[PDB]
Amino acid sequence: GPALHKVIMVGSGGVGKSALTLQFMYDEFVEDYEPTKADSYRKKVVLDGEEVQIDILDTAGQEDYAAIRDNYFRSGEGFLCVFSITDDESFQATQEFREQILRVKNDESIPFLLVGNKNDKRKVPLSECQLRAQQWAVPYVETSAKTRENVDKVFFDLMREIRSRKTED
């Protein structure tokens, strides 16, 4: 049947997680975004010649709520852990969100991507950040907020990750 990939995005409220979802789902017509519609976070996309739908669940604005994410993660098929390179607080919270989704899943090799967003005031280095992703046995991709670089990469690489998981039985 028709495949549907469900990806969850985590990070602290200020990493511009919203900017990543909008830039991916909407290209030249980002202005025509309606936040209330049922279609709002669903895109019919061609992944590797295969026709497939994607759903993106973003905790934008809802980061202070206590229990709600537990059900977002359970069950979401894909996971994108986003941090801002310029700050230390959001990169430190990566550890909190990492165990948080594992506290809901018993899967070490669950589809995952560690990503840095937003260089003039970059406090973090690409050496100390890579020393956390590959230690979690997970690929690392550097993204830019407004330039539209590695935007499609992170949503396509993760969709393949769950395509690989859906095959495994």
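Residue indices: 1-based, along the sequence shown.
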| query | finding |
| --- | --- |
| Unmodelled deposited residues flanked by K118 on one side and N119 on the other | 1 to 3 |
| Selected stretch [higher average CA B-factor]: 64-72 or 140-148 | 140-148 |
| Mean Cα B-factor comparison, 126-134 or 32-40, giving the higher one as deposited | 126-134 |
| Record-listed C-alpha B factor of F83: chain third | middle |
| Assigned third (lowest, middle, highest) for the C-alpha B factor of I54 | lowest |
| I101 by Cα B-factor - lowest, middle or highest third of the modelled chain | highest |
